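Residue numbers (the entry's author numbering), protein chains in the order written: chain C, 578 to 615; chain B, -7 to -1, 2 to 44; chain A, -7 to -1, 2 to 44.
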Amino acid sequence: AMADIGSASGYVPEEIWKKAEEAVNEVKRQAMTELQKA
Amino acid sequence: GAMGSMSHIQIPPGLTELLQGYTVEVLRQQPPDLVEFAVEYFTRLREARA
Amino acid sequence: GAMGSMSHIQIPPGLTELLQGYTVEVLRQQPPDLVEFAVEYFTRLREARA
């Protein structure tokens, strides 16, 4: 546990979900830098 | 700083899930090309529904 | 190094630069649709060849 009050469900295994979520969070926090520098 | 500042600028809500929905497939599927695997993934999504 | 075939996913390389292109573009323009903007951004990118 950590902070998953809800539940995506629908599909996608376990370790495949935790991992994929990191990838999006990383590229999201990154692309923002490309913006901060106009 | 007003119409764009939330720690990550302002990622349009829902985008997180969209990129995730595809990534989860890449990890478990592992395609030859990411661009070619995506183009088909997004077309199928829309063409599938309205 | 490795451990076993029991589990092997590891965040693949290059996935960061691929999503960045789409992500960074979504904010710069701030489109109304992700599904459309996705196939519009990805397909064009690929077609860029030849």
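All C-beta atoms in this analysis are idealised placements derived from N, C-alpha and C, irrespective of residue type, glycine included.
Taking a Cβ-Cβ threshold of 7 angstroms, the residues of chain B close to residue 593 of chain C are 18, 21 and 22, in chain order. The beta carbons of residue 597 of chain C and residue 24 of chain B sit no closer together than 7 angstroms. DSSP places residue 19 of chain B in the uninterrupted alpha helix (DSSP H) bounded by 9 to 23. Within chain B, the C-beta atoms nearer than 8 angstroms to that of residue 6 of chain A come from 20, 21 and 24, in chain order. It is roughly 41 angstroms from the alpha-carbon of residue -2 of chain B to the alpha-carbon of residue -3 of chain A.
A:20 is the residue among A:44, A:20 and A:43 whose C-alpha sits nearest the C-alpha of residue 35 of chain A. Contacts between residue 603 of chain C and chain A, judged by CB atoms closer than 7 angstroms, involve 10 in chain order. Flagged as an interface residue toward chain A: residue 607 of chain C, by a C-beta distance shorter than 7 angstroms.
In this structure, residue 22 of chain B keeps its C-beta atom at 7 angstroms or more from the C-beta atom of residue 582 of chain C. Comparing C-alpha distances from residue 7 of chain A to each of B:28, B:32 and B:16 shows the shortest one belongs to B:28.
Within the segment 29 to 42 of chain B, 29, 30, 32, 33, 36, 37, 39 and 40 place their CB atoms closer than 7 angstroms to a CB of chain A, listed in sequence order.
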